[PDB]
Amino acid sequence: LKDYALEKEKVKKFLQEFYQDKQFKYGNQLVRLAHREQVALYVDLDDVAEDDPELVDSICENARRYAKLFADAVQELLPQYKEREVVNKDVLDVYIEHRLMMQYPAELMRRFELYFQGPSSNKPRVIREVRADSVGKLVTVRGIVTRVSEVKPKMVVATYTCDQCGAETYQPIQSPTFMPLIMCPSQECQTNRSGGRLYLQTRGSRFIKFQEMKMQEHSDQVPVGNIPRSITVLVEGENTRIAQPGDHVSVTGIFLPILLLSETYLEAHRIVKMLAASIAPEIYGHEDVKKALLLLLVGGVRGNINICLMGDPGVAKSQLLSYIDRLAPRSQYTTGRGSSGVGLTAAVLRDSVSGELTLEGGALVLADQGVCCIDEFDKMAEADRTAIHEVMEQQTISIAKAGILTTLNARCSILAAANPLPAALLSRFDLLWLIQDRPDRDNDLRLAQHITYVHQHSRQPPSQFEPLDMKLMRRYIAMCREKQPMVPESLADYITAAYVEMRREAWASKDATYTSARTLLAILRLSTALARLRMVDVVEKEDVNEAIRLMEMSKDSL
Amino acid sequence: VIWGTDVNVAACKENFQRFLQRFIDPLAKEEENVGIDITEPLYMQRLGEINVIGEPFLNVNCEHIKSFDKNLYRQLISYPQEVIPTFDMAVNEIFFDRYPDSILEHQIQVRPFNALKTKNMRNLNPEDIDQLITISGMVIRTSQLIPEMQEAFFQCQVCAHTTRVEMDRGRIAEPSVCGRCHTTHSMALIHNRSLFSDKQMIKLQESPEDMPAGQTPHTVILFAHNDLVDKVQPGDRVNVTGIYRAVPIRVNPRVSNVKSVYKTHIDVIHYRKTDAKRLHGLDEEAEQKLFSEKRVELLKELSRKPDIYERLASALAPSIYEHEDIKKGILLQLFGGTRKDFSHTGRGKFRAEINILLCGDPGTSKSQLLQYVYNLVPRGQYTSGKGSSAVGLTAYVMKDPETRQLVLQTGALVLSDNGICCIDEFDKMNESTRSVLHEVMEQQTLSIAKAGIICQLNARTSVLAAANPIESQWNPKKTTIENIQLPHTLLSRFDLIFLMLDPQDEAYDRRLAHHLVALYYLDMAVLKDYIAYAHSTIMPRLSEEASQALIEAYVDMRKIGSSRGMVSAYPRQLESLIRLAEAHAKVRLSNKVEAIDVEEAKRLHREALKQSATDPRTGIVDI
DNA sequence: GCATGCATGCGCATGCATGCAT
DNA sequence: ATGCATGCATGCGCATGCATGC
Ligand SMILES: Nc1ncnc2c1ncn2[C@@H]1O[C@H](COP(=O)(O)OP(=O)(O)O)[C@@H](O)[C@H]1O
Ligand SMILES: [Mg+2]
Ligand SMILES: [Zn+2]
Ligand SMILES: [Zn+2]
C-alpha cells in the first residue's frame, strides 16, 4: 500500500518541471486548456521515463486511479495559468460561470479529458493472448477494424431541478443503467418536509460522445488451422470519428470486465493508423504494363480510370493486383465467388447500441475514393458484372429490394484480371491490355536467371536505378494528386485532329475496331494525369503524345 | 427566464417590435416579393396580408434577422424555447394595435426558417442539443395520427363535481381530495371529456450529396404537431426546420431504470418545398401567388414567337451535343397530355403520360440524359438493371415498428407517382419484374393481394427506359426486332422509341471533339415558370380536322408497319399520337389542338424509329 | 435463358418454463 | 406474498440466394 497524496504531489511537480523538450510544452498546454482553446491532453509515459520509473509501472498496473489523479492535478493546476476570460463562451461555459458566480461534482465543472499513451518499450500484444492476467492493466493491440457504430450522446452527470425550490441536485453516473431520483434532498425541502419532486434537465446535464467498434486479428498472427478472434473497443471523447471500417489500427487501452463470471471489453486511450515506375521489381519484363498502373494510381482530373488485363495463365497477373492492393491506401481485393452478392453492394443489419437496423456496405463501398482489384473477372455472376458496369459508368449503386431503397456513392477505380473478344469489355473499359506469351530462347534464359536470382538472394537483381520503398511512393503520389492542370484552348485544334484521323484509320480497319467519344475522354484523362505528374498548370504536348502512344500500344495487342 | 440564460424578455420584445416595423431590404426583387411594395416595410405588409386573409401563421426568415442584428439571431438560435413566445406576443400586440375588430380563431404564431444549414447530421455533437437546425431530405414513411392529452377532466363519485387540470412539466397531478364533499380519492379521470392534440411521426432519408469517403446514407425521425400533420407525402423532397432533442430510453416498460445512452429526436416547426435547381411541385401549382403579372406577360409574349419550341429544346440540356429529337421528346413528356376523366364511361383510368425508350450502343450519352432528368424533375426515381427486384417495386410487407399493424411499405414505383421513373440496363430485368411493368404502364394502378392485405394503389408514373443490343453492337445484318429482343406487348406500350446509331460523319466527329475539349475550359427560372404556367392553366381539346388527320395517320402507320421485319403498329399507338398532339398544344399555350400539332407528332414518330432510312421490305437500316 | 428445388437469413408471433420486485 | 416480464424453443409467413433441368 502507498499514500496517494505523495504520488499526486509528484504528478503535480512532474507536470510543471518537464522543460527538457527548448520550449515549455506543458505550460502552453495548460494555458490553452484554461482559456478553452484545447479540449484534450495526452500524457506520454515515455516522457515519464526521465522521472522515477516506478510511476510507469504503477500506472501500467492501476491505470484508472492514476488517470483520475492526473485529471484532478490538472484541474487544480488550471487556475494558476489563467490570464483572461473566455473569448467566446458557449452554453455549458455559461452554466459553469453562473454556477461559480453563485458540493458540485468535479466532472461537472471539468471540461477536458486526459489519456495515456503506451510506452515504446512496451511490446504490443495479441488479441488471442489477452486474458485474466491483463485485467486492469494497460495494453496495446494491433488489429483491423470491422464494425463501427454511430456517434450518440451519453450522460455523465445528471441535474435535477425541484418543484418547489431553486436548488439543483447533481447525480454522477458510473453504470450503463442508472436509477433516476424522485424526492428532493435539498436542505430547504428537508426542513419544510414539503416533499417536492425532481425534474430532469437536458441543458444542465453533461453529455459525451459514445461509440462502439470491433477489431480482428491479422491473418499473419492466426495460428495453424484457427480463425481470427474479435475484440470490442469503446470510444469516448475526442477519440471519436478516428477509426473507420477496413483500416489497420493500433489502440492503447485498458482491459476491464463487466459484471461469478464476467464479460470483458477495452477502453481506448490512443488510436493510430498504420523513373518512379518501379512497381513490383520482383517481376521481370512488362515495362510498358507498369506505367499504366502508375497512371491508374495517380488518376485523372469524372476523372476515374478503369483498367483490365487479359492474359494466358502463368504470366503472373495476380501478383500485380496484389501489389496494387498493398500500395493503395484505400484498397480492396476480390478473388471470385467468395465475396459475391452480399460481399459487394450493402446489407441491413441490427445495431449494437440502438437495437435497430442500419446499412453496412460491401467491398465497393469500403473502396470509395480508392482502388478495387478483381481477379478472375470472367467467372463472376451476372448480377455482380452488372453492378460493376454500373459502378464504372455511373459511379453510384442503386439498390431497391424488400427493406432496402438506397443509392450508394462509389467513386472507385477498378483494375481487373481475366483469361481469354467480347464487345462489352471493349466498349466499357478505358484500357485493355492483352498479354501473350511465345517461346524465345534468350528471353527464356533471362527470365529464368531473374527468377533464380529472386529465389536465391531473396531480392531483385541490382541495377543502375535502385527502386523505392512503399512509403516514399505513397508520399510522392499524395503530393502529385494535389494539383489540377487545365487544358489550353489552342491545343484543341491539335487534339481534335489527332482524334479525327485516328477514327479514319479505324474506319479503314473494318476487321475489328472500336472508337467513340469514350476514347477521346480517356486520352484527355491520361493527358491530364501526365500533366499532373509534372505539377504543371497547363497541359503540354508531350503528355498528349505519351497518352496516344499508350493507347496505340494497348490497341496493337491484337 | 430560467437560470443559465442571458436572454431578457423585455429587450427581445422591444427589439422584435422595432424590427417588424423598421426592416427594409433594397436587394429584394419582384421575382420573389410577389404583391408586396419593396419601398414599404416588408413584414408590416406581411402582417397586413395576414389580416386580410386571416391566416394565423407568419413566416420569418432567419437571414433577415441576422442582417438586422447578430445578438437577436444568436439568442434565437441558442434558446428558441424562450425567444419564440416573446415574438408571438409582440406580433399579437402589434397586430391587435394596428387592426382592431379583426376576427381569427387564435393568437398569431411565428415560424422561423432558413437557419444555418448543417452539412451533415452525423457531424452534430451533444453541444447542439436543443438548438434550431435545418435539414434537407426525402420522406419515406408517415405514421397515423396520435392523440396527446393537454387537459384532464375529473369527476367525483359521490357529488359528481366538474373539475379540470392543466398539464405542467409533462405530468398531471390528480387531486387526492374533493372540492365539495372533501372525500379522499373520490376523483376519477374521464378521457373523453379531455382535450387532445395531434402528433405524427415521419421518416427522412438524408442525402447532402457531398458525403465523405465510405459514409452510408442516414435515416432520421421527425415529429410533427398540430396543423403541420399531413403537410408532406412520401417521396417528396423537403427542407425541415426544427429543434434537436434527446430522450432517455427505459430499460424495460415496467421498470423505471433507464439506459445511460440517450436517444436522438427532432421536433419539426417549418417545412420548405422550393428548390433552386428542381422544377416546381404540385403543391405550388395549386396557388395563385406563384406568378407576377409582369412575368405572365413576358411568358405570353415569348410563347407567340414560332421558334420558342425549338428554343426550349435548346435550353433543356446544353451539356449534351445535338440530339434535338430526343430533347424534343423529353420536353413533350415533361409537358404531358390532357388528363381526361372516364369514370362515367366505365372504361377506367386513361393514361395521359408518355413513356419513352432509348436503344443504342453502350458508348452513348443516354445515361447522361437519364441522370439529368432524374436530377431536374422532382419526385424522380432511378433503377439500374438487376439491382431492383419485383418485390422491391410496388410494396412489400413489413410490421409496424411497435405493434403488429401489418404495415404495407411503398416501393420505388409508388414513390414515383406523379413523377418520372428512369430504368437503366432494361435488358437485364427479369420477366417477373417486367410483369409489374406490364400492369403499371397501362392501368396506372397496382393491385396487391397477399395474406391479410387486399388493396389498390395509384401508380401514375412516366417511364424513361434505356436498352442495349444483343452483342452491345448494332449488327447491320440482323433486323431491328432481332437486335432489340423485346416482346411486342412490352414495346407497344412505349409512345416513342429512339434508336441511336453512329453515322461516322467527319463533321460530327470534329464537332464532338471540339465540344468535349471546350468542356474543360435561356434562364432556368424563366423555363421553370413557363413550364409551371403551361402545366397548371391549360387543358387542350382537339377538333374535327385533328380527328381526320389522326385517322389518316393511323391508317398510314398500319399500312407502313404491315410489312414484316419492322415494328408493327397497333391501335394503342394511335392513342399515343393523340397524347403527343396534346403535348404540342401545351407548348404553344393553345387550348385547341390543330393540324400542326398532329403533323409534328407524326414527324416525331416517323423520325424516332428511323423508318425513312430503314428498308421497308428487309428491316435493315443503312444511312 | 428461366422457373424451381434446396438451404438460409429476417421478422414475427406463440407456447412452456421460472425467478423474483412491488 | 403474489402475479408478471423475460429467456428459450417452435410454428408462421416471407424474401433471398445458389444450383439445375428442360
Ligand atoms: N515475368 C515474370 N517474372 C518473374 N516471375 C514470374 C513471371 N511470370 C510468372 N512468374 C512466376 O509464376 C507464377 C505465376 O503464378 P500466378 O501469379 O498465380 O499466375 P496468374 O496470376 O497468371 O494466375 C508466380 O508465382 C511468379 O513468381
Ligand atoms: Mg493468377
Ligand atoms: Zn426542492
Ligand atoms: Zn365530491
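One line per chain: the protein sequences are 7 and 4, in this order. Under the authors' numbering, the residues of the first sequence are numbered 3 to 23, 29 to 109, 125 to 281, 292 to 306, 336 to 362, 372 to 490, 507 to 644, in order. Under the authors' numbering, the residues of the second sequence are numbered 151 to 671, 682 to 783, in order. Every residue, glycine too, gets a C-beta built ideally from N, C-alpha and C.
So is residue i buried or exposed if we call it buried at 16+ other beta carbons inside 10 Å?
{"i": "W593 (chain 7)", "result": "exposed"}
{"i": "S406 (chain 4)", "result": "exposed"}
{"i": "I264 (chain 7)", "result": "buried"}
{"i": "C331 (chain 4)", "result": "exposed"}
{"i": "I570 (chain 4)", "result": "buried"}
{"i": "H494 (chain 4)", "result": "exposed"}
Taking C-alpha atoms, which residue in the options lies nearest to residue i?
{"i": "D579 (chain 7)", "options": "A663 (chain 4), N625 (chain 4) and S453 (chain 4)", "result": "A663 (chain 4)"}
{"i": "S336 (chain 4)", "options": "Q305 (chain 4), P362 (chain 4), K353 (chain 4) and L372 (chain 4)", "result": "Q305 (chain 4)"}
{"i": "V184 (chain 4)", "options": "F237 (chain 4), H375 (chain 4), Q438 (chain 4) and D360 (chain 4)", "result": "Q438 (chain 4)"}
{"i": "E503 (chain 4)", "options": "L484 (chain 4), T495 (chain 4) and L282 (chain 4)", "result": "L484 (chain 4)"}
{"i": "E343 (chain 7)", "options": "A353 (chain 7), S392 (chain 7) and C378 (chain 7)", "result": "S392 (chain 7)"}
{"i": "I234 (chain 4)", "options": "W624 (chain 4), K688 (chain 4) and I419 (chain 4)", "result": "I419 (chain 4)"}
{"i": "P398 (chain 4)", "options": "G392 (chain 4), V408 (chain 4) and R404 (chain 4)", "result": "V408 (chain 4)"}
{"i": "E443 (chain 4)", "options": "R610 (chain 4), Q257 (chain 4), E164 (chain 4) and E181 (chain 4)", "result": "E181 (chain 4)"}
{"i": "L526 (chain 4)", "options": "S453 (chain 4), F492 (chain 4), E472 (chain 4) and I691 (chain 4)", "result": "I691 (chain 4)"}
{"i": "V304 (chain 7)", "options": "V273 (chain 7), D349 (chain 7), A341 (chain 7) and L293 (chain 7)", "result": "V273 (chain 7)"}
{"i": "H695 (chain 4)", "options": "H744 (chain 4), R718 (chain 4) and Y730 (chain 4)", "result": "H744 (chain 4)"}
{"i": "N264 (chain 4)", "options": "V370 (chain 4), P276 (chain 4), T424 (chain 4) and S736 (chain 4)", "result": "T424 (chain 4)"}
{"i": "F303 (chain 4)", "options": "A323 (chain 4), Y421 (chain 4) and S597 (chain 4)", "result": "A323 (chain 4)"}
From what residue to what residue does the alpha helix (DSSP H) around residue i run?
{"i": "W593 (chain 7)", "result": "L577 to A594"}
{"i": "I720 (chain 4)", "result": "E704 to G721"}
{"i": "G198 (chain 4)", "result": "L192 to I203"}
{"i": "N221 (chain 4)", "result": "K220 to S228"}
{"i": "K32 (chain 7)", "result": "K32 to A41"}
{"i": "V758 (chain 4)", "result": "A755 to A768"}
{"i": "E430 (chain 7)", "result": "First-last for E430 (chain 7): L427 to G431, but that is the beta strand (DSSP E), not the alpha helix (DSSP H)."}
{"i": "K600 (chain 4)", "result": "Element bounds for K600 (chain 4): not the alpha helix (DSSP H) but the beta strand (DSSP E), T595 to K600."}
{"i": "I467 (chain 7)", "result": "Element bounds for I467 (chain 7): not the alpha helix (DSSP H) but the beta strand (DSSP E), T466 to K471."}
{"i": "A341 (chain 7)", "result": "Looking at the DSSP string, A341 (chain 7) is not in any alpha helix (DSSP H), and its letter there is neither H nor E."}
State the beta-bridge partners of residue i as determined by DSSP.
{"i": "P194 (chain 7)", "result": "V179 (chain 7)"}
{"i": "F277 (chain 7)", "result": "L298 (chain 7)"}
{"i": "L379 (chain 7)", "result": "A487 (chain 7) and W519 (chain 7)"}
{"i": "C306 (chain 4)", "result": "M337 (chain 4)"}
{"i": "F263 (chain 4)", "result": "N211 (chain 4)"}
{"i": "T533 (chain 4)", "result": "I573 (chain 4)"}
{"i": "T366 (chain 4)", "result": "Paired residue(s): none; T366 (chain 4) is not in a bridge."}
Helix, strand or coil: which one does DSSP assign to residue i?
{"i": "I103 (chain 7)", "result": "helix"}
{"i": "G385 (chain 4)", "result": "coil"}
{"i": "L607 (chain 4)", "result": "strand"}
{"i": "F373 (chain 4)", "result": "strand"}
{"i": "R532 (chain 7)", "result": "helix"}
{"i": "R251 (chain 7)", "result": "coil"}
{"i": "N342 (chain 4)", "result": "strand"}
{"i": "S388 (chain 7)", "result": "helix"}
{"i": "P398 (chain 4)", "result": "coil"}
{"i": "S241 (chain 7)", "result": "coil"}
{"i": "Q559 (chain 4)", "result": "strand"}
{"i": "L507 (chain 4)", "result": "strand"}
{"i": "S622 (chain 4)", "result": "coil"}
{"i": "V315 (chain 4)", "result": "strand"}
Taking 7 Å as the cut-off, is the C-beta of residue i nearer than that to any heavy atom in ligand 6?
{"i": "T333 (chain 4)", "result": "Ligands present in the displayed structure are limited to ligand 1, ligand 2, ligand 3 and ligand 4, and ligand 6 is not among them."}
Tell me which residue opens and which closes the beta strand (DSSP E) that residue i is part of.
{"i": "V405 (chain 4)", "result": "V405 to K409"}
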